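In what follows, a single structure is set out as structure tokens and then discussed.
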Amino acid sequence: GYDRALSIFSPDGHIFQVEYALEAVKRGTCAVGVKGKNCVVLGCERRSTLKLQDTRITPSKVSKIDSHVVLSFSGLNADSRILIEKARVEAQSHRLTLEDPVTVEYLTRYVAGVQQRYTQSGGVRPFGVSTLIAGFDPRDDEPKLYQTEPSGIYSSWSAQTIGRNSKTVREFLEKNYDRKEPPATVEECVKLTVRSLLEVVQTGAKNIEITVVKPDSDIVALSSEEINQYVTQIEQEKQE
Amino acid sequence: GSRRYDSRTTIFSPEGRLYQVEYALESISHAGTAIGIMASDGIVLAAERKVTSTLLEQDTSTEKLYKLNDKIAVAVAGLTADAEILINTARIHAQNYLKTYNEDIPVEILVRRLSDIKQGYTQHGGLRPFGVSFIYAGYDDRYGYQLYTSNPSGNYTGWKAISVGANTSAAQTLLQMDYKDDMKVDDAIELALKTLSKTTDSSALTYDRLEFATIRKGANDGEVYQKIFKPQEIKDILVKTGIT
Amino acid sequence: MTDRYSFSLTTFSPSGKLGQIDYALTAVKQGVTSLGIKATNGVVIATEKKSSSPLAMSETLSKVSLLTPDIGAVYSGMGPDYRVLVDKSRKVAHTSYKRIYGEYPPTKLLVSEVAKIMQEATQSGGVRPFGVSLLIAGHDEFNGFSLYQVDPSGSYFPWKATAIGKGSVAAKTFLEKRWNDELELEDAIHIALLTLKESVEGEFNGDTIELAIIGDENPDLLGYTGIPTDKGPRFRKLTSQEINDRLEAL
Amino acid sequence: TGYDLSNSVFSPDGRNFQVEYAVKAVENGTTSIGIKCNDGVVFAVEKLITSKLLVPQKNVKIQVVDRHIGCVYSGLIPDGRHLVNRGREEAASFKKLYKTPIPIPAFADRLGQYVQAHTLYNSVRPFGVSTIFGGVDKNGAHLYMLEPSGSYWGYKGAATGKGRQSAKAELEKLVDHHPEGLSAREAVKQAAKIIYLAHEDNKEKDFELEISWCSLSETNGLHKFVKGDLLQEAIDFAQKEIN
Amino acid sequence: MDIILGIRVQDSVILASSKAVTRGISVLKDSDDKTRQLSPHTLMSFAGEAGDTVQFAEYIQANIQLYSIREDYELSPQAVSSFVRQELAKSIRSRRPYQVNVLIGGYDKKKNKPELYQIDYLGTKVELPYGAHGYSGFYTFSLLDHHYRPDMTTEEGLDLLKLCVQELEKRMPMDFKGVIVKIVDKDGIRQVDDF
Amino acid sequence: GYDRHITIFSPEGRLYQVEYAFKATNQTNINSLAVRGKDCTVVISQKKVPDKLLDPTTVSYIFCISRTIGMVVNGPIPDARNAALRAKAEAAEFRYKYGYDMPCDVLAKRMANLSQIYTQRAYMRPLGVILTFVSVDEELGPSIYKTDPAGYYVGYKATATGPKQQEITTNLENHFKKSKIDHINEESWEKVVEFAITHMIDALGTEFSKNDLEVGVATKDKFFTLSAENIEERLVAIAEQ
Amino acid sequence: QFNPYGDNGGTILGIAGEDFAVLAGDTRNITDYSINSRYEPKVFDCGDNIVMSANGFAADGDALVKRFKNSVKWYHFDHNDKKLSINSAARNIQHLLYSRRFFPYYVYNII
Amino acid sequence: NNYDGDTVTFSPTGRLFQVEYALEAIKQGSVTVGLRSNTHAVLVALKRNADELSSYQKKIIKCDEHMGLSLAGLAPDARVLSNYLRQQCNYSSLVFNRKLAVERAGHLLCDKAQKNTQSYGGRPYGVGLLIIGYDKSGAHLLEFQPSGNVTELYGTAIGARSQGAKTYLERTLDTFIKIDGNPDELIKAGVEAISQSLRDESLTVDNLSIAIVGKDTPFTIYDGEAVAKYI
Amino acid sequence: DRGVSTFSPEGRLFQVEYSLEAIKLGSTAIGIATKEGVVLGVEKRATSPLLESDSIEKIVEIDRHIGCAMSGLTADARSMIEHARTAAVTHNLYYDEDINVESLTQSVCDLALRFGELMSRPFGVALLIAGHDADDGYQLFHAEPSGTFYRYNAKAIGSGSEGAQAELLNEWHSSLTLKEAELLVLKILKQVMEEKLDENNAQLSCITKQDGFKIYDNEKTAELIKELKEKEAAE
Ligand SMILES: [Cl-]
Ligand SMILES: [Mg+2]
Ligand SMILES: [Mg+2]
């Protein structure tokens, strides 16, 4: 079998293949995650270079791993499918062996472990993908939002963004998001998520996707018109 | 040892691109243009054969349009030999699904499976990727008529109208201009041929330089029919639309 | 030991070219000219027996080979690569078809199997592509007579008539002028001999030319009688004398 | 250029430079010889005394294969040991299947094919030893010498290592002056002399002499080390000839 | 385990399954639920060798749930039954076959029709208006043959089911400790808590 | 320029490692010759024992592959013995599996296929040898089939191999141009050996003693090599006419 | 048919005192109605102040003791010459026996 | 230069650079001395610390009751090779009821190290070993190099500045060989030998490591206040 | 290119030496061993204020009597911790006892050099393994990707290591209390850290014979930080 060590250390103590995988994430479309008091919202950019697209059947950016957990990403699209599939298999495998659904932290730890394994295994390259994993643990009303990256490190975030121009939207979130008082309602949480994407997106038409996840496996995706109403209200307040 | 001669096909560039995938796409850009257009009552697949000869046996020839099952077909752009490897795998996958669930495979599931195979060659194994881009035209009872494309990266997307191969930039602009959502198959047939006729590198678009196919609910009652056009039938539709 | 070359030796260059396939095609170009012409009631394939030494017995080296009773093959390029492909093609006709369906494969599907083998040598680990282009002529009940070309990439195309190797460009032009859809087999053989004479320098006779046909069933070559449905092979290799007879009416 | 960087690569000459570089390691090693006699063979080797701390007669270089074959080598000592271990496996499987002990020509090819195999791939390095070996079988006495390339021939006398030229010259004299043949006890004496004469090429450090032999009359066709009085007698004969 | 029954009426599928679990000469449990929800509109009851039953059912459940998440779509009862049959037909020629018999009751939301599939451990699938496994059919099929209509209501289906259980309770030497009854219809799966 | 190190195509469509393996063939500086009689096939080869310390009886490039098949090799002895061992194993396996003795041409093809694989697979190098197989086949009669590092093989009326192959080849060509037959019209193998030696002497322009030559003879149902005294008797007969 | 088991007889006895312990066993070894040996030691000093006897099928008994003595040796190598306590030895022996759950050591062991 | 990229490549002068670089790791390692008489065999090792807060790296490893070694170079490689010796000593006892001969132990180490010098992918061992033991032919001392070369000696030393101790033993050869039935005097000679390789630093209580094996003496290691007697 | 298990001309494994450079870029971790217990402390180093710092888990429990701190490519440590936990509990299964700290450390270090062309590269993380057993008492080990492990009275690893190690050189003595060690870790962490030390961006932990391994609460650490400030202002 092909055993070649592709991810290796350099004289300055860097693993270039892992670092170049982060550059692939930088190229990917922007993804954002914001957790409110009783919910988490996942926002995603859709680049408008591709029109004549069939939005019914095109792979959506946010993916359900289980009925209570979701996963969005930035980077190579094909690579993300492999992580999502593995995560979905592990979620069912956990229910089957332990008789409880996975916690958001556990699912994140698993996906992060898969990414890490591909940084020190022979004959494979790292995943060019960073993920945002969000949801609610079984019988728990505390929101959960985690981030992973090609190296395999993971951590919890009050709010976070990844992908292209993520530096800008993170700048926005750092000054707008208050920890002492997070978005109390769904509206406030979605509004803040849309506002953050409007710093980068371009047009607020079909370029913004929003997915709200509430406790007890209550997950819904907002439509174009629903999002467009947020876009309208934000700019009308801005004209002042 | 052997390491000396390894090209390392599955690595990132400093910019975060996959060398071999990008170079495979460069190969595909020289291939004959293939176009797919989805309408409300069917799907059109049109493709251009590359600089043919008069001594080529056209009626028994197939280099662009292939049948995966009764409901799904594909248009090819790139290395034909590479495409046939994948096509046969996809044909088997569709039959496996049919044997397991006793239902015809949904279009997307077949597309995802082939795209996952392509993805694997970019992440592990140390082998060159498949130098192929597909346009999938198919039907199922969930989403109805569907168009997809996949490329050597293993990434796939859905489309109302799309082109692969040569002159896709020019072709996509022309499709974006004249395409409308309430369009019908007969209109889509005309759009596909008109787009090829303007983007082609050849002097004139003729029947012997084309492969053509439609997927229609224009079959007797609630069912779908695949029509791979014969040379004489391509000649007739070229006269009908007013190109020759 | 172990085969440690588990990686591809054929890879895409920045321009999108697959170098080893192109170089394999260059080796085919240097090879001796071979051709194939399809008639209404048959197919003909021909090539020059380029003898490496006059002390060598050129009869023992067969450039035109039987794959099945109704399918034959000829090549241009590297001879040893062709020889092993013929061995594999013969076997795959049995393992992947005859042992399943109880009958020999149709021309197009056997070509498809050969094409697959040549494609794999273009992508698999630790191998180079085959340095040959094949011309495969054959007959089957439902498709009739057919002629196929197969390249180092694994790509294959059906032809009415064609040529490959040294003087293929000139030979294909010659065939375009002479070919029509009403040719009888004897007319195709005549055209094949005319076309092949242009690329040959030295001696031009039955001993220096190798020529076979796919035509009518040969019950005399079957080897047994008693089964009406078994009527014999359609592949026949023309003898040295049979070639010389047609060179007088040339 | 670059043809010498990898094993099993033909240069434009048609040469395998890696095998030729392995020969340089052999030429760097100590002198070892072999002498074919009337009814057997004699092996001898030069052991350089690097230090007084070396225990005399303990670091044995000559190795036995089965009970009738002797092996000695010059170059990388571990590579020689590896080759003898294989030789012992080959000799064991032969006797297991065919009952009779492995004939010397048969044994010679078993080593030859194994050494040659290490010139076929870039994933292995050629052997850094030339091996002199032989013994007595049903057809009589046989002496062989095997190079890094896998090349081997039968010999009347054989020599390798740093003092091979000096040794070869001495062996050639014995062949000329004894066409009828040489006895086993004579060959032991002559072997001692030749190693002593060949020691002029390694004259910086003093050395230790080691001799072994297989003979139909003297050892019943079994490999044995020359020890005690017979060894001292050979050393005395050798010391007398250099003075 | 022992008795599992199934009946397909006008607009629903009703599955009845015994509550008893025996080990040696002792009844360890009299409230065991011999069923698993494969999807919101598909229920599978099971009976066979101890341990194998639950392991097989949960394995099937995991696979169907995995499919549902992957495609964001519920498989038809027909598709699920075919998947289950193949797994059993694969199993029967294994080193150690899974000795499990199942009934699959589902409501097809596309066709708006209830569907009942009977599959034995060999992989023998049949679509039926009413079905059973083991000896259960020997006592009950004569009643079902007589009383069953395809236009029956859910309430009439339950009354005919009670009659089947009463006949079993009278003529079987086996105390199966009553049955748990579940209904599968357009609105999903629910349990009849009083039976 | 790694296309010259392993067996992949160069831009010219060439395999340089195969071409360099052909050059290794002449490293021994030995010339061989093969001819066919009526009932036999003779192969002769130069024998050179430069070192006086060598046992001349063990110096040989002619091999007895099977009872019927003989093989002479042009190239270094390690690769020669590699090929010899393989051919012996293949010939024995063939007889076991198919119930009859492996023909000379079939063995040649088999060894040629193995050589082809080394030209296509990267990890295996070509053997730097040319193998000339000889026999009296039970179907085809006297047979000469020769294999090279390219994986090429063909039957021969007669053939020659080595540094001075061309001089020998032309000499044989000119003889068969006169006689107008595909063999040496002679009853006994002894006289066919005499012919082979005589025409090598004329072609190379050198005289031979009994120790300068090596001879292999194939007859019906056996192949055998001649001793020095058998060759001496052959050299005496040549000189006496 | 080949029977891989046998019965070598013998009897063993272990008694635990307040600050001492004894492990006794007879020295007779037998098959069927014959005596193999009148003195064949059955109780062994395994080191670390532990004594052991595997009574029943002598071949399995010798194999187990041999493996436990080995386990003591490697316990010293792996854990810095630490003394193997009697409770730790006992748990170790459990895992040696259960490694052959489906082809058991036919012995009744006492330490 | 161009021929040091891997172990499978000879240089034009017939050298194996990866093996020579592995040999270099031994020279960087701390000094250790070995010597023997006819009754006993002794190892003396200078242990090295990372800093003042750190412990002193152990140098001596026990292989059997009658055999053990001292290391110099990559410590993990010594753990691998000593583990192999432990198994081989143990295989000889369990199967043949036979204590492994020290000479045969050396032959086994040679062959294990050799395989790593001829194959692609792997690497040579980066450690040198001094094996002492007492078997049926008396006391023994071996020197192991990762090239594969194993040598039986009366005395020797390996590591940094080992040439000083090696010269001392070469002078004292006739004296220390005769120290029979006196373990303390043989150790004294070893401690005096290793002292010739010291610069700046001197032998302290947690710096020095000694081991001994003999006729009626199992292989035992002395560290801490147990070696204060010899300081 | 070149082998992964290649020696440099100086006699060092290139890859092992390069992995040590990656560890120098990691966040600071400090360990101090006393006769009353061993203290472990780490710099969390959050890359952004929105990152919930309590999810940064750079101090980890291996067993009740063994703890562990990490520095470098922390993702690589997960498989090492998993192996350590398995080794610790497996030994408890086989021998009905706690495993020696040294033996546990040796088991972790056996993974280190299992790389080649096994895993494709060495680990890019160093570990401070602290614990207690009955034989050798309170212990602190430093496990490297070279496969080598040194025991330490006190040790610092990460970006501010050489500066912290020099400080530990002067401050450590054999009569340190647990409370004194806690303040000493906090003092040195505060010295080498970029941002200002508080309970949210730094974490403490300890291992005692009685209570076993414990990670300190942010409320408990906050008081020790306040206690440190006052005693430094006292002179
Ligand atoms: Cl073959
Ligand atoms: Mg049934
Ligand atoms: Mg090759």
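To be explicit about the labels: the chains of the structure tokens are called A, B, and onward in the order shown, and within each one the residues are counted from 1, while ligands get numbers from 1 in the order they are shown.
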
Distance table requested - chain B against chain A, cut-off 8 Å, only C-alpha atoms: one row per qualifying residue with the closest atom pair and its distance in Å to one decimal, ordered by chain and rising residue number, as JSON lines.
{"residue": "B:3", "atom": "CA", "partner": "A:4", "partner_atom": "CA", "distance": 7.9}
{"residue": "B:10", "atom": "CA", "partner": "A:125", "partner_atom": "CA", "distance": 6.5}
{"residue": "B:11", "atom": "CA", "partner": "A:125", "partner_atom": "CA", "distance": 6.2}
{"residue": "B:12", "atom": "CA", "partner": "A:20", "partner_atom": "CA", "distance": 6.0}
{"residue": "B:13", "atom": "CA", "partner": "A:20", "partner_atom": "CA", "distance": 6.6}
{"residue": "B:14", "atom": "CA", "partner": "A:20", "partner_atom": "CA", "distance": 5.4}
{"residue": "B:15", "atom": "CA", "partner": "A:23", "partner_atom": "CA", "distance": 5.9}
{"residue": "B:16", "atom": "CA", "partner": "A:24", "partner_atom": "CA", "distance": 4.3}
{"residue": "B:17", "atom": "CA", "partner": "A:24", "partner_atom": "CA", "distance": 6.5}
{"residue": "B:108", "atom": "CA", "partner": "A:57", "partner_atom": "CA", "distance": 7.7}
{"residue": "B:115", "atom": "CA", "partner": "A:78", "partner_atom": "CA", "distance": 7.6}
{"residue": "B:116", "atom": "CA", "partner": "A:78", "partner_atom": "CA", "distance": 7.1}
{"residue": "B:119", "atom": "CA", "partner": "A:78", "partner_atom": "CA", "distance": 6.0}
{"residue": "B:123", "atom": "CA", "partner": "A:125", "partner_atom": "CA", "distance": 5.5}
{"residue": "B:124", "atom": "CA", "partner": "A:124", "partner_atom": "CA", "distance": 4.6}
{"residue": "B:125", "atom": "CA", "partner": "A:2", "partner_atom": "CA", "distance": 5.5}
{"residue": "B:126", "atom": "CA", "partner": "A:2", "partner_atom": "CA", "distance": 6.2}
{"residue": "B:143", "atom": "CA", "partner": "A:57", "partner_atom": "CA", "distance": 7.5}
{"residue": "B:146", "atom": "CA", "partner": "A:57", "partner_atom": "CA", "distance": 7.6}
{"residue": "B:147", "atom": "CA", "partner": "A:54", "partner_atom": "CA", "distance": 8.0}
{"residue": "B:153", "atom": "CA", "partner": "A:78", "partner_atom": "CA", "distance": 6.9}
{"residue": "B:154", "atom": "CA", "partner": "A:78", "partner_atom": "CA", "distance": 5.4}
{"residue": "B:155", "atom": "CA", "partner": "A:78", "partner_atom": "CA", "distance": 4.8}
{"residue": "B:156", "atom": "CA", "partner": "A:78", "partner_atom": "CA", "distance": 7.9}
{"residue": "B:157", "atom": "CA", "partner": "A:58", "partner_atom": "CA", "distance": 5.2}
{"residue": "B:158", "atom": "CA", "partner": "A:58", "partner_atom": "CA", "distance": 4.5}
{"residue": "B:159", "atom": "CA", "partner": "A:53", "partner_atom": "CA", "distance": 4.1}
{"residue": "B:160", "atom": "CA", "partner": "A:54", "partner_atom": "CA", "distance": 5.3}
{"residue": "B:161", "atom": "CA", "partner": "A:52", "partner_atom": "CA", "distance": 5.8}
{"residue": "B:162", "atom": "CA", "partner": "A:52", "partner_atom": "CA", "distance": 7.5}
{"residue": "B:176", "atom": "CA", "partner": "A:52", "partner_atom": "CA", "distance": 6.5}

Restricted to N, CA, C and O atoms, what would the selected residues look like written as a CSV table (one decimal), in the first residue's frame?
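Output file part.csv follows:
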chain,number,residue,atom,x,y,z
B,3,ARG,N,11.0,6.2,-3.3
B,3,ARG,CA,10.6,7.6,-3.0
B,3,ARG,C,11.1,8.6,-4.0
B,3,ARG,O,10.4,9.6,-4.3
B,10,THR,N,-1.3,13.6,-4.3
B,10,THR,CA,-2.3,14.0,-3.3
B,10,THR,C,-1.7,15.0,-2.3
B,10,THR,O,-1.7,14.6,-1.1
B,11,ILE,N,-1.3,16.1,-2.7
B,11,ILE,CA,-0.8,17.2,-1.8
B,11,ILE,C,-1.3,18.5,-2.1
B,11,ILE,O,-1.7,18.8,-3.2
B,12,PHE,N,-1.3,19.4,-1.1
B,12,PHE,CA,-1.7,20.8,-1.2
B,12,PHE,C,-0.5,21.6,-1.8
B,12,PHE,O,0.6,21.4,-1.5
B,13,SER,N,-0.8,22.7,-2.5
B,13,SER,CA,0.1,23.7,-2.9
B,13,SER,C,0.2,24.7,-1.7
B,13,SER,O,-0.6,24.6,-0.8
B,14,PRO,N,1.2,25.6,-1.7
B,14,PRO,CA,1.2,26.6,-0.7
B,14,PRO,C,0.0,27.5,-0.6
B,14,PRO,O,-0.3,27.9,0.5
B,15,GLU,N,-0.7,27.6,-1.7
B,15,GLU,CA,-2.0,28.4,-1.7
B,15,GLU,C,-3.2,27.6,-1.3
B,15,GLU,O,-4.3,28.2,-1.2
B,16,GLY,N,-3.0,26.3,-1.1
B,16,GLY,CA,-4.1,25.5,-0.6
B,16,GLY,C,-5.0,24.8,-1.7
B,16,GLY,O,-6.1,24.5,-1.5
B,17,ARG,N,-4.3,24.7,-2.9
B,17,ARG,CA,-5.0,24.0,-4.0
B,17,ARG,C,-4.3,22.6,-4.2
B,17,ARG,O,-3.2,22.3,-3.8
B,108,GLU,N,-29.3,11.9,-7.0
B,108,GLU,CA,-28.3,12.5,-6.2
B,108,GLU,C,-27.4,11.5,-5.5
B,108,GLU,O,-26.2,11.6,-5.4
B,115,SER,N,-18.9,10.9,-7.1
B,115,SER,CA,-18.1,12.0,-6.6
B,115,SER,C,-17.2,11.7,-5.4
B,115,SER,O,-16.1,12.2,-5.3
B,116,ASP,N,-17.7,10.8,-4.6
B,116,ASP,CA,-16.9,10.3,-3.4
B,116,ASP,C,-15.7,9.4,-3.9
B,116,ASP,O,-14.6,9.5,-3.3
B,119,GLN,N,-13.2,11.9,-5.1
B,119,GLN,CA,-12.6,12.5,-4.0
B,119,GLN,C,-11.4,11.7,-3.4
B,119,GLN,O,-10.4,12.2,-3.0
B,123,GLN,N,-7.2,12.4,-2.1
B,123,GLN,CA,-6.8,12.4,-0.6
B,123,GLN,C,-5.9,11.3,-0.2
B,123,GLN,O,-5.1,11.4,0.7
B,124,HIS,N,-6.0,10.1,-0.9
B,124,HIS,CA,-5.2,8.9,-0.6
B,124,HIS,C,-4.9,8.1,-1.8
B,124,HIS,O,-5.5,8.2,-2.8
B,125,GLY,N,-3.9,7.2,-1.6
B,125,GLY,CA,-3.6,6.2,-2.6
B,125,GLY,C,-2.4,6.5,-3.5
B,125,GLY,O,-1.7,5.6,-4.0
B,126,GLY,N,-2.0,7.8,-3.6
B,126,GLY,CA,-0.9,8.2,-4.4
B,126,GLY,C,-1.0,8.0,-5.9
B,126,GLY,O,-0.1,8.0,-6.6
B,143,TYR,N,-37.4,14.6,-6.5
B,143,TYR,CA,-37.1,15.9,-7.0
B,143,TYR,C,-37.5,16.1,-8.5
B,143,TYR,O,-37.3,17.2,-9.0
B,146,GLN,N,-33.5,16.5,-12.8
B,146,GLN,CA,-32.3,17.0,-12.1
B,146,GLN,C,-31.1,17.0,-13.0
B,146,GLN,O,-30.9,16.1,-13.8
B,147,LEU,N,-30.3,18.1,-13.0
B,147,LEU,CA,-29.0,18.2,-13.6
B,147,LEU,C,-27.9,18.4,-12.5
B,147,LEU,O,-28.1,19.2,-11.7
B,153,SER,N,-12.1,17.0,-8.6
B,153,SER,CA,-12.0,17.2,-7.2
B,153,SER,C,-13.0,16.4,-6.4
B,153,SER,O,-12.8,16.3,-5.1
B,154,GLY,N,-14.0,15.9,-7.0
B,154,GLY,CA,-15.1,15.1,-6.3
B,154,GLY,C,-16.2,16.0,-5.8
B,154,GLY,O,-17.0,15.5,-5.0
B,155,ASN,N,-16.1,17.3,-6.2
B,155,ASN,CA,-17.2,18.2,-5.8
B,155,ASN,C,-18.3,18.2,-6.8
B,155,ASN,O,-18.0,18.2,-8.0
B,156,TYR,N,-19.5,18.2,-6.4
B,156,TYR,CA,-20.7,18.2,-7.3
B,156,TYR,C,-21.7,19.2,-6.9
B,156,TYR,O,-21.9,19.5,-5.7
B,157,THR,N,-22.4,19.8,-7.9
B,157,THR,CA,-23.4,20.8,-7.7
B,157,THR,C,-24.6,20.6,-8.7
B,157,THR,O,-24.4,20.0,-9.7
B,158,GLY,N,-25.7,21.1,-8.3
B,158,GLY,CA,-27.0,21.0,-9.1
B,158,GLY,C,-27.1,22.2,-10.0
B,158,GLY,O,-26.7,23.3,-9.6
B,159,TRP,N,-27.8,22.1,-11.1
B,159,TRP,CA,-27.9,23.1,-12.1
B,159,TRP,C,-29.3,23.1,-12.8
B,159,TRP,O,-29.9,22.1,-13.0
B,160,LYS,N,-29.7,24.3,-13.3
B,160,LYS,CA,-30.8,24.4,-14.2
B,160,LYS,C,-30.3,24.3,-15.6
B,160,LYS,O,-30.9,23.7,-16.5
B,161,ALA,N,-29.1,24.9,-15.9
B,161,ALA,CA,-28.4,24.7,-17.1
B,161,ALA,C,-26.9,24.8,-16.9
B,161,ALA,O,-26.5,25.7,-16.0
B,162,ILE,N,-26.1,24.0,-17.6
B,162,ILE,CA,-24.7,24.0,-17.3
B,162,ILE,C,-23.9,23.5,-18.5
B,162,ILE,O,-24.4,22.7,-19.3
B,176,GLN,N,-27.0,31.6,-19.5
B,176,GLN,CA,-27.6,32.5,-18.5
B,176,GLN,C,-28.4,33.6,-19.1
B,176,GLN,O,-29.4,34.1,-18.4

Restrict the calculation to only C-alpha atoms and all ligand atoms, then for each residue of chain E with any atom at most 8 Å from an atom of ligand 2 give the closest atom pair and their distance in Å to one decimal, rows by chain and rising residue number, as a tab-separated table.
residue	atom	partner	partner_atom_place_in_ligand_line	distance
E:101	CA	ligand 2	1 (Mg)	7.7
E:118	CA	ligand 2	1 (Mg)	5.3
E:119	CA	ligand 2	1 (Mg)	4.6
E:120	CA	ligand 2	1 (Mg)	4.3
E:121	CA	ligand 2	1 (Mg)	7.9
E:123	CA	ligand 2	1 (Mg)	7.6
E:124	CA	ligand 2	1 (Mg)	5.0
E:125	CA	ligand 2	1 (Mg)	5.7
E:126	CA	ligand 2	1 (Mg)	6.4
E:133	CA	ligand 2	1 (Mg)	7.2

Using the chain letters and numbers from this document, which residues of segment 41-177 of chain I does DSSP assign to strand (DSSP E), as number ranges by chain?
I: 41-43, 59-63, 66-72, 125-133, 137-143, 149-151, 154-157

Using only C-alpha atoms and all ligand atoms, which residues have at least one atom no more than 6 Å from ligand 3? Output them as a ChimeraX atom specification.
/F:6-7,118-125

Just to be explicit: take each residue in the selection above, keep C-alpha atoms, and write the result as a tab-separated table (two decimals), in the first residue's frame.
chain	number	residue	atom	x	y	z
F	6	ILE	CA	13.57	3.37	-14.45
F	7	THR	CA	11.57	1.73	-17.26
F	118	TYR	CA	10.48	-6.00	-16.34
F	119	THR	CA	10.27	-3.38	-19.13
F	120	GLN	CA	6.79	-2.30	-17.95
F	121	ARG	CA	6.96	-2.65	-14.14
F	122	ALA	CA	9.26	-0.10	-12.47
F	123	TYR	CA	10.48	-2.03	-9.40
F	124	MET	CA	11.97	-4.88	-11.48
F	125	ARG	CA	15.06	-4.25	-13.63

Residues near residue 36 of chain G, cut-off 12 Å, only C-alpha atoms, skip fewer than 4 positions along chain, as a VMD selection string
chain G and resid 7 to 10 27 to 32 40 58
